[PDB]
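Visitor: Here it is, the structure, as structure tokens.
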Amino acid sequence: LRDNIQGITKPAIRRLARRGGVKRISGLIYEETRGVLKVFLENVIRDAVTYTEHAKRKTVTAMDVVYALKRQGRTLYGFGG
Amino acid sequence: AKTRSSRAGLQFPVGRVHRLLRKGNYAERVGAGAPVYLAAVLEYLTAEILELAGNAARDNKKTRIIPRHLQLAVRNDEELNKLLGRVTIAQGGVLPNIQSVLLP
Amino acid sequence: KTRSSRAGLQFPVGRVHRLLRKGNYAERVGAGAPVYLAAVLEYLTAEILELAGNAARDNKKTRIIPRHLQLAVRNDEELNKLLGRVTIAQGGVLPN
Amino acid sequence: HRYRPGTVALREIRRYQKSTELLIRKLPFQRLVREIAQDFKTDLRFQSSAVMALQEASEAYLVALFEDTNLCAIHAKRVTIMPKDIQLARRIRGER
Amino acid sequence: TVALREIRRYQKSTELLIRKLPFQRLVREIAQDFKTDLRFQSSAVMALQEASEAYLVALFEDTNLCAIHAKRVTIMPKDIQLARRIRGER
Amino acid sequence: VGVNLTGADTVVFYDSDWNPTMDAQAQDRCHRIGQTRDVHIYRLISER
Amino acid sequence: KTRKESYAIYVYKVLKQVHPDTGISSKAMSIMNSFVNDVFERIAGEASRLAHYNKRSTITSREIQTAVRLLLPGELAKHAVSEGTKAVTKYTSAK
Amino acid sequence: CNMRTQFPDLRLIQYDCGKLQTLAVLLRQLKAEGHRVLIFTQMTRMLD
DNA sequence: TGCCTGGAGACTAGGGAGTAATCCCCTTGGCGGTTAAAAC
DNA sequence: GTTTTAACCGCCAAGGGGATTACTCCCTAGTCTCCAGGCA
């Protein structure tokens with residue numbers, strides 16, 4: 001597993017922008033968005049892994065991600081709790 | 001045997017709310033009317049959000065409420081939008097909003 | 001023999017234990033939880049106080065004033081993140 | 001026949017705002033999540049629900065960030081979104 | 001020239017920029033609607049002034065960033081509107 | 001199944017498949033109709 | 001095979017009270033359950049903090065009323081307080 | 001060149017696999033008798 | 001400086017390990033197509 | 001508009017996890033009494 005940030009695809013970022021209402025997109029937006037998503041995922045996943053490690057588990061459950069997001073201030077509905 | 005929800009006239013469980021308040025470590029003691037008040041407030045908020053969700057569902061010629069309807073209901077009502085400002089609804093989408101300058 | 005001295009700390013492990021018990025955090029508080037909490041609080045206090053004292057030395061002063069604490073918090077990135085949503089009375093803001 | 005620039009973009013804007021489906025392929029996101037997590041702890045297994053929750057949160061975050069970026073672009077009298085727009089949105093939001 | 005000197009002077013200082021008596025009158029006027037015959041501790045009004053001035057300085061910084069992004073030095077009300085809209089306080 | 005390798009007359013299986021049907025298809029690649037020579041199948045197996 | 005307490009039946013009852021004809025899906029019901037749990041946690045925590053500030057050892061109707069006033073926006077808070085006081089008055093009258 | 005870099009002998013490919021030795025014998029016999037051989041393997045690296 | 005309050009000193013019941021069992025469920029290399037999102 | 005390729009299904013193998021629910025049981029907290037010293 002290496003260089004997986006390229007999995008966030010240019011059409012995918014374009015689709016997300018279109019959902020956000022963007023009409024025209026510069027060519028340098030894709031790298032910036034990849035970096036921003038990398039940072040956000042790093043924070044959320046670190047918190048979730050801490051929660052899973054506290055329970056002496058080896059599987060990251062959806063409840064752990066929900067707790068991590070709630071701690072970050074981004075409470076998510078529909079996945080329990 | 002008559003339930004406390006029946007006495008209070010509510011649909012949400014007063015007994016369950018009382019047990020949750022006692023077991024949640026909020027205070028040493030929990031008053032008798034606290035579960036009733038909390039259940040009433042929860043029922044009112046559920047009624048508001050469900051009324052708006054059902055109104056959204058009827059506009060789409062659909063009988064069952066899907067999460068998109070709940071998202072539309074929450075975001076279209078300013079007070080509920082403020083209440084659930086930092087909340088993400090799974091499979092909720094976003095409101096249709098295209099800025100005026102972008103239109104031809 | 002003091003429990004704080006037994007743990008080798010300066011903060012009141014006994015007071016921290018009483019606050020954890022009286023507070024409604026849990027129905028049971030372990031023996032090592034107050035010691036750990038006191039150690040963490042003491043380390044954070046020592047860090048912010050060292051930075052504030054360095055700021056006071058840089059200003060040719062002998063007392064830590066709220067301005068020195070503000071400068072110490074905002075200059076250290078980790079402490080700035082920890083106290084990001086915190087306003088310090090009579091502290092001002094960083095030069096720019 | 002050839003649509004003038006901007007018409008297809010608005011059409012797909014309307015299409016993607018009508019729907020609620022996820023916009024990122026699930027397998028690339030799963031690999032990205034596993035790649036990010038292996039640094040923090042090796043031999044970690046992700047439930048499918050956890051990955052779906054992460055994807056939903058990330059997509060919502062990116063959509064809101066793009067809304068802020070588009071508002072930044074309309075400010076300063078533009079239509080295209082540029083990296084400076086994302087940077088300004090993030091800085092005003094309190095990130096970085 | 002004078003603007004930069006004024007910036008440095010107020011940037012180094014820590015005293016409250018808003019006058020105390022007008023702010024106390026404003027606080028009491030705002031509180032009048034919520035409850036009648038309200039008494040205020042002096043520390044309460046000082047805390048309100050500290051919070052309000054910190055909030056305004058942070059907002060002005062975000063609006064300056066918004067103005068610079070528009071290739072302008074002057075700050076305009078649209079900058080305040082965008083700062084609050086992006087921050088989420090709208 | 002569209003490959004018509006009737007030119008050869010010997011098949012050597014370097015390794016054996018778990019499914020004998022796949023080996024049968026590999027053999028039939030050369031043993032099919034229209035082939036005018038005897039076909040010999042050699043299977044190589046490592047001892048123990 | 002274990003009990004999992006949820007507000008599904010109560011949310012369905014309230015939905016039938018409001019819209020006798022409409023229904024609700026599993027994801028929407030999960031979202032509603034999460035919303036009820038979140039609002040319950042908010043109000044309970046605010047009430048606990050209010051009790052702690054005033055050096056009170058109990059959570060009463062006053063604490064939850066103040067919590068609802070603090071949390072909910074204007075019209076929502078006013079109607080919620082009306083509903084709660086109606087509920088508590090009826091509960092006391094029924095004894 | 002010989003004093004500058006040393007490559008593994010191509011002979012050691014057959015020496016490291018008994019299948020290759022047996023297949024060398026079998027293929028030499030088959031070419032002597034005048035046949036054509038199909039070699040089937042499950043792995044493409046084995047093809048290399 | 002005069003306290004309250006944190007600290008020994010004895011019981012005591014239960015929360016939280018250990019320890020099965022027990023049920024659920026894929027798990028992973030290398031292969032071979034084959035479309036529809038990407039890429040150009 | 002034209003070309004690439006990578007999600008994704010299928011395979012073929014032998015059993016292993018790895019979170020859950022019941023028993024037991026034993027440290028370890030809580031509760032109470034008394035006291036002196038830490039601190040406001």
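Here, A, B, ... name the chains of the structure tokens in the order displayed, residue numbers run from 1 inside each chain, and ligands are numbered from 1 in the same displayed order.
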Name all residues at most 12 Å from residue 54 of chain C (count only C-alpha atoms (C1' of nucleotides); drop same-chain ones fewer than 3 positions away) and give them as JSON, numbers by chain.

Guide: {"C": [47, 48, 49, 50, 51, 57, 58, 59, 60, 61, 62, 63, 64, 65, 68, 69, 71, 72, 73, 75, 76]}

Visitor: Taking only C-alpha atoms (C1' of nucleotides) into account, which residues of chain J are within 10 Å of chain F, as JSON, numbers by chain?

Guide: {"J": [11, 12, 13]}

Visitor: List every residue of segment 5-44 of chain A that DSSP, applied to the backbone of this structure, places in alpha helix (DSSP H), and write the result as a PyMOL selection string.

Guide: chain A and resi 10-19+29-44

Visitor: Kindly export the residues of the current selection with C-alpha atoms, as a PDB file, in the first residue's frame.

Guide:
```
ATOM      1  CA  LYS A  10      -9.804  13.933 -11.061  1.00  0.00           C
ATOM      2  CA  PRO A  11     -13.368  13.097 -12.206  1.00  0.00           C
ATOM      3  CA  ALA A  12     -14.164  12.284  -8.568  1.00  0.00           C
ATOM      4  CA  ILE A  13     -12.916  15.680  -7.375  1.00  0.00           C
ATOM      5  CA  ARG A  14     -14.811  17.280 -10.255  1.00  0.00           C
ATOM      6  CA  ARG A  15     -18.002  15.483  -9.210  1.00  0.00           C
ATOM      7  CA  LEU A  16     -17.544  16.635  -5.617  1.00  0.00           C
ATOM      8  CA  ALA A  17     -17.036  20.204  -6.840  1.00  0.00           C
ATOM      9  CA  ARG A  18     -20.154  19.957  -9.010  1.00  0.00           C
ATOM     10  CA  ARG A  19     -22.123  18.827  -5.973  1.00  0.00           C
ATOM     11  CA  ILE A  29      -7.261  22.266  -7.468  1.00  0.00           C
ATOM     12  CA  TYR A  30      -6.850  18.477  -7.593  1.00  0.00           C
ATOM     13  CA  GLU A  31      -3.533  18.408  -5.710  1.00  0.00           C
ATOM     14  CA  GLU A  32      -4.816  20.832  -3.071  1.00  0.00           C
ATOM     15  CA  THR A  33      -7.999  18.810  -2.540  1.00  0.00           C
ATOM     16  CA  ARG A  34      -5.987  15.592  -2.318  1.00  0.00           C
ATOM     17  CA  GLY A  35      -3.830  17.161   0.388  1.00  0.00           C
ATOM     18  CA  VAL A  36      -6.833  18.478   2.326  1.00  0.00           C
ATOM     19  CA  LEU A  37      -8.584  15.106   2.231  1.00  0.00           C
ATOM     20  CA  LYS A  38      -5.335  13.423   3.278  1.00  0.00           C
ATOM     21  CA  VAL A  39      -5.119  15.674   6.344  1.00  0.00           C
ATOM     22  CA  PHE A  40      -8.775  15.235   7.311  1.00  0.00           C
ATOM     23  CA  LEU A  41      -8.558  11.457   6.956  1.00  0.00           C
ATOM     24  CA  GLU A  42      -5.324  11.375   8.957  1.00  0.00           C
ATOM     25  CA  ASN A  43      -6.936  13.167  11.895  1.00  0.00           C
ATOM     26  CA  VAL A  44     -10.177  11.171  11.890  1.00  0.00           C
TER      27      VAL A  44
END
```

Visitor: Just list the residues in chain A DSSP gives strand (DSSP E or B) on the backbone, as JSON, numbers by chain.

Guide: {"A": [24, 25, 59, 60, 76, 77]}

Visitor: Limited to N, CA and C atoms, could you put the picked residues into a file as an mmCIF file, in the first residue's frame?

Guide:
```cif
data_model
loop_
_atom_site.group_PDB
_atom_site.id
_atom_site.type_symbol
_atom_site.label_atom_id
_atom_site.label_comp_id
_atom_site.auth_asym_id
_atom_site.auth_seq_id
_atom_site.Cartn_x
_atom_site.Cartn_y
_atom_site.Cartn_z
ATOM 1 N N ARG A 24 -16.385 26.069 -12.930
ATOM 2 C CA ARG A 24 -15.100 25.869 -13.586
ATOM 3 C C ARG A 24 -14.031 25.598 -12.540
ATOM 4 N N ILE A 25 -13.137 24.660 -12.842
ATOM 5 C CA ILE A 25 -12.133 24.183 -11.899
ATOM 6 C C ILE A 25 -10.753 24.363 -12.512
ATOM 7 N N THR A 59 -10.144 -4.525 15.187
ATOM 8 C CA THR A 59 -11.039 -4.161 14.100
ATOM 9 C C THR A 59 -11.631 -2.792 14.393
ATOM 10 N N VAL A 60 -11.533 -1.890 13.422
ATOM 11 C CA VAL A 60 -12.085 -0.546 13.539
ATOM 12 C C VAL A 60 -13.551 -0.585 13.125
ATOM 13 N N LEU A 76 -21.831 12.519 12.948
ATOM 14 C CA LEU A 76 -22.408 11.891 11.770
ATOM 15 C C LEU A 76 -23.556 10.987 12.189
ATOM 16 N N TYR A 77 -24.678 11.101 11.491
ATOM 17 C CA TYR A 77 -25.866 10.310 11.765
ATOM 18 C C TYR A 77 -25.957 9.132 10.803
#
```

Visitor: If we count only C-alpha atoms, which residues of chain H reach to within 10 Å of chain F? Please list them as a list in words.

Guide: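 Output check: residues 17, 18, 19, 20, 22, 23, 26, 27, 30, 34, 35, 36, 37, 38, 39, 40, 41, 42, 43, 46 and 47 of chain H.
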
Visitor: Print the selection's residues with C-alpha atoms to a file, as a PDB file, in the first residue's frame.

Guide:
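Okay, this is what ended up in result_27.pdb:
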```
ATOM      1  CA  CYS H  17      14.945 -27.060 -10.498  1.00  0.00           C
ATOM      2  CA  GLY H  18      14.539 -30.801 -10.940  1.00  0.00           C
ATOM      3  CA  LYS H  19      11.511 -30.193 -13.141  1.00  0.00           C
ATOM      4  CA  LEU H  20      13.768 -28.273 -15.510  1.00  0.00           C
ATOM      5  CA  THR H  22      13.625 -33.727 -16.357  1.00  0.00           C
ATOM      6  CA  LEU H  23      11.994 -31.404 -18.886  1.00  0.00           C
ATOM      7  CA  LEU H  26      12.157 -35.037 -22.178  1.00  0.00           C
ATOM      8  CA  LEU H  27      12.315 -32.156 -24.663  1.00  0.00           C
ATOM      9  CA  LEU H  30      10.903 -35.360 -28.172  1.00  0.00           C
ATOM     10  CA  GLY H  34      10.498 -35.269 -34.220  1.00  0.00           C
ATOM     11  CA  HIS H  35       7.509 -34.001 -32.234  1.00  0.00           C
ATOM     12  CA  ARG H  36       6.078 -30.644 -31.177  1.00  0.00           C
ATOM     13  CA  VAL H  37       5.365 -29.817 -27.543  1.00  0.00           C
ATOM     14  CA  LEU H  38       2.813 -27.698 -25.699  1.00  0.00           C
ATOM     15  CA  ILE H  39       3.943 -26.657 -22.216  1.00  0.00           C
ATOM     16  CA  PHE H  40       1.123 -25.621 -19.884  1.00  0.00           C
ATOM     17  CA  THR H  41       1.804 -23.810 -16.614  1.00  0.00           C
ATOM     18  CA  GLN H  42      -0.397 -22.018 -14.095  1.00  0.00           C
ATOM     19  CA  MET H  43       2.008 -19.086 -13.586  1.00  0.00           C
ATOM     20  CA  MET H  46       7.066 -19.706 -14.641  1.00  0.00           C
ATOM     21  CA  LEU H  47       6.497 -18.826 -18.297  1.00  0.00           C
TER      22      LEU H  47
END
```

Visitor: Tell me the residues of chain B close to chain A, meaning within 8 Å using only C-alpha atoms, as a PyMOL selection string.

Guide: chain B and resi 86-90+94+97-99+102

Visitor: Dump as an MDAnalysis selection string the residues of chain G that approach chain B to within 6 Å, counting only C-alpha atoms.

Guide: chainID G and resid 10 22:25 28 48 57:61 73 80 84 87 90:91 94

Visitor: Counting only C-alpha atoms, collect the residues of chain C whose closest atom lies at most 12 Å from chain E, and write them out as a list in words.

Guide: residues 65, 66, 67, 68, 70, 71, 85, 86, 87, 88, 89, 90, 91, 92, 93, 94, 95 and 96 of chain C

Visitor: If you measure from atom CA of residue 27 of chain C to atom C1' of residue 39 of chain J, what distance in Å do you get, rounded to one decimal?

Guide: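 Interatomic distance, atom CA of residue 27 of chain C to atom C1' of residue 39 of chain J: 28.4 Å.
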
Visitor: Taking 2 positions as the minimum chain separation for residues in the same chain, which residues sit within 12 Å of residue 31 of chain J when counting only C-alpha atoms (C1' of nucleotides)? Answer as a ChimeraX atom specification.

Guide: /I:10-13 /J:29,33

Visitor: Write out as an MDAnalysis selection string the residues lying within 12 Å of residue 72 of chain D, counting only C-alpha atoms (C1' of nucleotides) and excluding same-chain residues fewer than 2 positions away.

Guide: (chainID A and resid 22) or (chainID D and resid 65:70 74:92) or (chainID E and resid 65:70 78:79 81:83 85:86)

Visitor: Given the selection you just returned, output its residues as a file containing N, CA, C and O atoms, formatted as a short mmCIF file (atom, residue, chain, number, x, y, z; two decimals), in the first residue's frame.

Guide:
```
data_model
loop_
_atom_site.label_atom_id
_atom_site.label_comp_id
_atom_site.auth_asym_id
_atom_site.auth_seq_id
_atom_site.Cartn_x
_atom_site.Cartn_y
_atom_site.Cartn_z
N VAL A 22 -19.56 24.17 -8.04
CA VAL A 22 -18.47 24.78 -8.79
C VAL A 22 -18.71 24.61 -10.28
O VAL A 22 -19.05 23.51 -10.75
N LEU D 65 -16.51 22.26 1.81
CA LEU D 65 -15.31 23.03 1.49
C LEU D 65 -15.37 23.59 0.08
O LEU D 65 -14.93 24.72 -0.16
N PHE D 66 -15.92 22.83 -0.86
CA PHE D 66 -16.08 23.35 -2.22
C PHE D 66 -17.11 24.47 -2.27
O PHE D 66 -16.96 25.39 -3.07
N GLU D 67 -18.16 24.39 -1.46
CA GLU D 67 -19.10 25.51 -1.38
C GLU D 67 -18.39 26.77 -0.90
O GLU D 67 -18.56 27.86 -1.48
N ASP D 68 -17.58 26.65 0.15
CA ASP D 68 -16.83 27.80 0.64
C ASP D 68 -15.84 28.30 -0.41
O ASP D 68 -15.65 29.51 -0.57
N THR D 69 -15.19 27.38 -1.12
CA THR D 69 -14.25 27.75 -2.17
C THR D 69 -14.94 28.50 -3.30
O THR D 69 -14.41 29.48 -3.82
N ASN D 70 -16.13 28.05 -3.69
CA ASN D 70 -16.89 28.74 -4.73
C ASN D 70 -17.30 30.13 -4.27
O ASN D 70 -17.29 31.08 -5.06
N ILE D 74 -16.33 33.58 -6.19
CA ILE D 74 -17.26 34.64 -6.58
C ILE D 74 -16.80 35.97 -6.01
O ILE D 74 -16.83 37.00 -6.69
N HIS D 75 -16.38 35.97 -4.75
CA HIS D 75 -15.58 37.06 -4.22
C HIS D 75 -14.33 37.22 -5.08
O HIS D 75 -13.84 36.25 -5.68
N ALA D 76 -13.82 38.44 -5.15
CA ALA D 76 -12.71 38.78 -6.05
C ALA D 76 -13.09 38.60 -7.52
O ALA D 76 -12.21 38.52 -8.38
N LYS D 77 -14.39 38.52 -7.80
CA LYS D 77 -14.93 38.62 -9.16
C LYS D 77 -14.32 37.56 -10.09
O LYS D 77 -13.63 37.87 -11.06
N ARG D 78 -14.59 36.30 -9.76
CA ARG D 78 -14.14 35.18 -10.57
C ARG D 78 -15.21 34.10 -10.60
O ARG D 78 -16.19 34.14 -9.85
N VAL D 79 -15.01 33.14 -11.49
CA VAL D 79 -15.84 31.95 -11.58
C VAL D 79 -15.03 30.68 -11.32
O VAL D 79 -15.50 29.78 -10.62
N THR D 80 -13.82 30.61 -11.85
CA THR D 80 -12.95 29.47 -11.60
C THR D 80 -12.52 29.44 -10.14
O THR D 80 -12.30 30.48 -9.52
N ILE D 81 -12.38 28.24 -9.60
CA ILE D 81 -11.85 28.03 -8.26
C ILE D 81 -10.37 27.72 -8.38
O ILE D 81 -9.97 26.89 -9.21
N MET D 82 -9.56 28.38 -7.57
CA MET D 82 -8.12 28.26 -7.59
C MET D 82 -7.62 27.86 -6.20
O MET D 82 -8.35 28.01 -5.21
N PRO D 83 -6.40 27.34 -6.09
CA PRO D 83 -5.91 26.90 -4.77
C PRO D 83 -5.95 27.99 -3.72
O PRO D 83 -6.14 27.69 -2.53
N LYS D 84 -5.76 29.26 -4.12
CA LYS D 84 -5.87 30.34 -3.15
C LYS D 84 -7.26 30.40 -2.53
O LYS D 84 -7.40 30.77 -1.36
N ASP D 85 -8.29 30.04 -3.30
CA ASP D 85 -9.65 30.03 -2.75
C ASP D 85 -9.79 29.00 -1.65
O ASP D 85 -10.35 29.28 -0.58
N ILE D 86 -9.28 27.79 -1.89
CA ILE D 86 -9.32 26.74 -0.87
C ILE D 86 -8.52 27.17 0.35
O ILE D 86 -8.94 26.95 1.50
N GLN D 87 -7.35 27.77 0.13
CA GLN D 87 -6.53 28.21 1.25
C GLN D 87 -7.24 29.26 2.09
O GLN D 87 -7.21 29.21 3.32
N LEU D 88 -7.89 30.23 1.43
CA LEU D 88 -8.61 31.26 2.17
C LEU D 88 -9.78 30.66 2.94
O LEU D 88 -10.03 31.03 4.09
N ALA D 89 -10.52 29.73 2.32
CA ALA D 89 -11.63 29.10 3.01
C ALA D 89 -11.16 28.35 4.24
O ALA D 89 -11.75 28.47 5.32
N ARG D 90 -10.07 27.58 4.10
CA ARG D 90 -9.54 26.83 5.23
C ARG D 90 -9.04 27.75 6.33
O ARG D 90 -9.23 27.48 7.52
N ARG D 91 -8.38 28.85 5.95
CA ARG D 91 -7.85 29.77 6.95
C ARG D 91 -8.97 30.49 7.70
O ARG D 91 -8.87 30.70 8.92
N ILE D 92 -10.03 30.87 7.00
CA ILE D 92 -11.16 31.51 7.67
C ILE D 92 -11.89 30.51 8.56
O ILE D 92 -12.37 30.86 9.64
N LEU E 65 -8.03 39.31 5.50
CA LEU E 65 -7.64 38.23 4.61
C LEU E 65 -8.57 38.16 3.40
O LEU E 65 -8.12 37.95 2.27
N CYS E 66 -9.87 38.34 3.64
CA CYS E 66 -10.84 38.35 2.55
C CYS E 66 -10.61 39.52 1.60
O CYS E 66 -10.74 39.37 0.38
N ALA E 67 -10.28 40.70 2.13
CA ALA E 67 -9.99 41.85 1.29
C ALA E 67 -8.72 41.66 0.49
O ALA E 67 -8.68 42.01 -0.70
N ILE E 68 -7.67 41.13 1.11
CA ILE E 68 -6.44 40.86 0.37
C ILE E 68 -6.70 39.88 -0.76
O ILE E 68 -6.14 40.00 -1.86
N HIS E 69 -7.57 38.90 -0.52
CA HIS E 69 -7.91 37.94 -1.56
C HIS E 69 -8.62 38.59 -2.74
O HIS E 69 -8.57 38.06 -3.85
N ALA E 70 -9.27 39.73 -2.52
CA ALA E 70 -9.94 40.46 -3.58
C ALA E 70 -9.04 41.50 -4.23
O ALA E 70 -9.54 42.36 -4.97
N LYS E 78 -18.81 43.47 2.35
CA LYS E 78 -18.87 42.15 1.74
C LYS E 78 -17.79 41.24 2.29
O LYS E 78 -17.99 40.02 2.39
N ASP E 79 -16.64 41.80 2.68
CA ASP E 79 -15.60 40.99 3.31
C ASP E 79 -16.07 40.44 4.65
O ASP E 79 -15.82 39.28 4.97
N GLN E 81 -19.17 39.92 5.50
CA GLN E 81 -20.20 38.93 5.18
C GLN E 81 -19.59 37.60 4.77
O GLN E 81 -20.02 36.54 5.23
N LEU E 82 -18.54 37.63 3.94
CA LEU E 82 -17.90 36.39 3.54
C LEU E 82 -17.17 35.73 4.70
O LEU E 82 -17.17 34.51 4.82
N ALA E 83 -16.51 36.53 5.54
CA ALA E 83 -15.81 35.96 6.69
C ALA E 83 -16.77 35.22 7.60
O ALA E 83 -16.51 34.09 8.01
N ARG E 85 -19.77 34.09 6.74
CA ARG E 85 -20.38 33.00 6.00
C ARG E 85 -19.48 31.77 5.95
O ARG E 85 -19.95 30.64 6.15
N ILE E 86 -18.19 31.96 5.69
CA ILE E 86 -17.26 30.84 5.68
C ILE E 86 -17.02 30.30 7.09
O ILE E 86 -16.96 29.09 7.30
#
```

Visitor: For the atom pair atom CA of residue 24 of chain H and atom CA of residue 31 of chain F, what is the interatomic distance in Å to one decimal place?

Guide: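 That distance, rounded to one decimal, is 23.5 Å.
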
Visitor: What is the atom CA of residue 8 of chain D to atom CA of residue 60 of chain B distance in Å?

Guide: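 Going from atom CA of residue 8 of chain D over to atom CA of residue 60 of chain B, I get 25.1 Å.
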